[PDB]
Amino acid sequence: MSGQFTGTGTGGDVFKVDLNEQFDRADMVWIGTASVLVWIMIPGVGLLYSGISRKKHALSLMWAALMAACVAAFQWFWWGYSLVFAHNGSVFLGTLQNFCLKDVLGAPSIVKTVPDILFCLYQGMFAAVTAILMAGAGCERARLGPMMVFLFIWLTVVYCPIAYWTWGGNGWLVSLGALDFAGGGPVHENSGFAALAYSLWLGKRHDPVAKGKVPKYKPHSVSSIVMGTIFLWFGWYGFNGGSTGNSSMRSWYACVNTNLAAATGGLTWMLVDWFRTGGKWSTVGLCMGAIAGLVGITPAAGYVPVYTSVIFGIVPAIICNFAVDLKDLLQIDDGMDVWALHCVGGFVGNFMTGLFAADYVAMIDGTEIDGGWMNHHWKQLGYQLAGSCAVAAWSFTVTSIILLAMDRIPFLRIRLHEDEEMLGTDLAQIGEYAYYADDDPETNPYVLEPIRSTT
């Protein structure tokens, strides 16, 4: 019990040492602020995907964002933080050393400029953003109980390993040399490939909104799309700007890159839509392009020269705009918008990080990297591809397994089969289920949950 700084456990005895002395207070303030900013991205995701939908979802994703904030916070506390950021992990996962945040306090975190407790706060927001991306992707005819269980399991066995490989103290992707500045792999590529697994296993096939001569854009609520894009772009300054872990000017450089990629992505997607529609101005397109650029710059924001951030707007916006068209070749809508922006945007950004990463940008705050093709470090592109392939293999395969194992268990089935659920119009004709008469989630105090036509 000398209690001096150990770098392990709680970091020392608060009655004997001031744990705050190990950290620059301004670093801590910025990462605390950035945590608050990432938190508001959670309802941003909900608003965005609620608004863009071409189908009336029975579950309101604006409200489901709060449900996801609750489920993710509890999972992170319970063991999610420990599985990613315990200090004694393997190369593929952490441990249960910090179960229920036991001994999470003032030791320097995997990011040594902030203590464990603050790194826990910040990184837990990333877990929550990914949870609402997953709830958004799988929200069509979802049952709420099974969805909450799914999110808990999916965070534990899909998010946490991929996050560990990317960020953990011994993560194998970190060792390989792959670059991922703000977690494009664990957040965007991961949620995107998981969305794809949902689309192909549980999504509706031959979907009327994706079949024949149907509009590409047919939004539920433009004002929801816009409000979600506002919260997402506002919060993304914390998402990317805080991923330095410090108050250095690399944080602000990352913010300039973030803003410029969002801006160029928005204008690019709208310009592509203008060419492809023969002169129309796409309100949905401007918002999706801003998100495409934000996703695109996420792996790169603290590594690439400011002038290259425009390419992280332009190229993801172009490729994602055409990716959305694959919904019509497959005739599937469910889950595919999250796949198109986050999987395809995240893959493109991760790949381009291997091209444009620069050692002199990372060195703005002393961070040492070999760099990308900008430094003729040709091997970097293969490290990026190794990262993307690992994320895709794990996220798609394990998400498929979870969805299908729950589908075979009757009370955990996330989405009832079409032949077993009752119609809201016929439920409204029953007295013990009369509240389905109100099919508008603005005055209804109850979720219009799918009901098995066996009761």
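Numbering starts at 1 and runs along the sequence shown.
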Highest mean C-alpha temperature factor of the two stretches 174-182 and 120-128, which is it? 174-182
Return whichever of 208-216 and 77-85 has the greater mean Cα B factor according to the PDB record. 208-216
Looking at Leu423, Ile40, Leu66, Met28, which has the highest Cα B-factor in the entry? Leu423
If you compare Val36, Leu48, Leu404, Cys70, which has the highest Cα B-factor in the entry? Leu404
Of the three thirds of its chain by CA temperature factor, lowest, middle or highest, which one includes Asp103? highest
Record-listed C-alpha B factor of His342: chain third: lowest
Sorting the chain's CA B-factors, does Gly278 end up in the lowest, middle or highest third? highest
Relative C-alpha B-factor of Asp370, binned into the chain's lowest, middle or highest third: highest
Thinking about Cα B factors across the chain, which third does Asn259 belong to? lowest
